[PDB]
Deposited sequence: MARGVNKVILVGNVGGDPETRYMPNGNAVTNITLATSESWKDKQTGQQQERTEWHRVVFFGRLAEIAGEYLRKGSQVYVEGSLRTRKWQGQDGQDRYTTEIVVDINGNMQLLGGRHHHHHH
């Protein structure tokens, strides 16, 4: 099928970049979207590949960024987290 997320919002904190011994950077952020009384929505966005390098270097707290990715719910130690995964199939644009 089709699994597509498009966000424009504000980065809630400094990007967390870690490296995989196969070299590849991964970059996690929080991104805030709000609709207007006003209510904010927080999104867990995970960058992979070169976009992770670009993200983990250009983005800061309060950055306005455009993001295009896929929804992925992952199980971990049970807790579930639905992250927006942004890889070569996705896109990002600094605003």
| item | value |
| --- | --- |
| Deposited sequence positions missing from the model - stretches, numbered from 1, in order | 1-3, 40-48, 90-94, 113-121 |
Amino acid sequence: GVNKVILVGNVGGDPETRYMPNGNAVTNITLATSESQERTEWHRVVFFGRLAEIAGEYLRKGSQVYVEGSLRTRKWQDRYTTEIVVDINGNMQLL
From here on, numbers count along this sequence of modelled residues.
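C-alpha atoms forming the largest set that superposes within 1.5 Å between two forms make up the rigid core.
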| item | value |
| --- | --- |
| Greater root mean square CA deviation, 80-88 compared with 13-21 in 4 other deposited structures of this protein, core aligned | 13-21 |
| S36 dropped from a third or more of the other entries of this protein | no |
| Mean Cα B-factor comparison, 83-91 or 14-22, giving the higher one as deposited | 14-22 |
| Selected stretch [higher average CA B-factor]: 55-63 or 42-50 | 55-63 |
| Highest recorded Cα temperature factor - choice among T27, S70, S34, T30 | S34 |
